[PDB]
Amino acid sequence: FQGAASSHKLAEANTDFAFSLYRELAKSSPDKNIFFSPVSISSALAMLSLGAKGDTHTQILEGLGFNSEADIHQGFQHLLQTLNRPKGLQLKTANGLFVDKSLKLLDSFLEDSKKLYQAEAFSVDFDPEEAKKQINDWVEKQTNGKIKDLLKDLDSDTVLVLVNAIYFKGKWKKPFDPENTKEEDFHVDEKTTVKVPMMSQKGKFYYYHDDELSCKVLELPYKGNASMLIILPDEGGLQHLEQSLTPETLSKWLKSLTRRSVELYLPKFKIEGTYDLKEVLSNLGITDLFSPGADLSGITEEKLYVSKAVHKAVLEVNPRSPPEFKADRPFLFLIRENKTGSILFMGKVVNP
């Protein structure tokens, strides 16, 4: 008789899911830019769990970091409402489910997926031509034309397509002066150098030098009650830092940050990540959902499974003897929402 999970349970589960997801991507695609929204992915899977049953359902909840018998829908609704409050970042998310029109959808799923997660389901004919354009145009519309041509290919024994895209360009609480921006070398690796517009700013920032993990941590507050936590590893050993990237480590960092005079150098960069959720969540124990035989009877009585699941996230960033924070080599970052502590984005900039 497990009642609705607490907000604190959701915070723990999503954050564990966030870091385990990064850890997988960092080993899947090394030496590559990483950028994704863990909370967005958690929400999409939680939404699908509305129509999931049996082992299909169990794998999702446990994969998300919850008990098998947990009730997560009340908590997620409240979380999403809080994240999408007017004083927040006002993230525009393309959150849609596309299923074969020949399949009758349960109105309970349609109601709950929209009411609890603001997800929109659609019945479409899945011929590769018209279907791809229809979905891509919708995603483009939902993201104010920022994310175009999301789907590149599409089989046509395709019965169910999950789409989840988000573009983010926030405003700093303390902006960079363009007169202090200067072109500098960004050292991608030992043999590769990229010229970047290096923004600079001298002032008070919450900052911490991690002796143990050999990295610098700095907090950059956004307008909208969120902040970017930038993690700059010392020379070499970015891999060792990634191995230590845990909810525990994050918590230690947040307690260790002190407001200090810092000389900050941050490059202007635009990065993105595009992920096949089938292959990524495969290593997270969520397998049945993406294969035929899945139990999605809560969505439709006809047999159904997720044919394709795509997540894409795009990010644009544009006394006495103070510490220097110069990000002219690959670095990690998180975007954390202040009120809930929710991890909105995780990323790594290798190629700016």
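A residue's number is simply how far along the shown sequence it sits, counting from 1.
Out of 163-171 and 150-158, which stretch has the higher average CA B-factor listed in the record?
Mean CA B-factor is higher for 150-158.
Per the record, averaged over C-alpha atoms, which has the higher B-factor: 41-49 or 300-308?
Comparing 300-308 with 41-49, the higher average CA B-factor belongs to 300-308.
Of the choices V217, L80, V139, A131, which one's C-alpha carries the largest B-factor in the record?
Reading the PDB entry, the winner on C-alpha B-factor is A131.
From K270, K252, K195, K92, can you pick the one with the highest C-alpha B factor in the entry?
Out of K270, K252, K195, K92, the record gives the largest C-alpha B-factor to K92.
Is the Cα B-factor recorded for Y117 in the lowest, middle or highest third of its chain?
For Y117, whose C-alpha B-factor we compare with every modelled residue in the chain, the answer is the middle third.
CA B-factor ranking of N33, expressed as a third of its chain
For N33, the deposited C-alpha B-factor lands in the lowest third.
Considering only modelled residues of the same chain, in which third does the CA B-factor of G347 rank: lowest, middle or highest?
It falls in the bottom third of the chain.
Where does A327 sit by CA temperature factor within its chain: lowest, middle or highest third?
CA B-factor rank for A327: lowest third.
Within this chain, which third does the Cα B-factor at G203 fall in: lowest, middle or highest?
Middle third by C-alpha B-factor.
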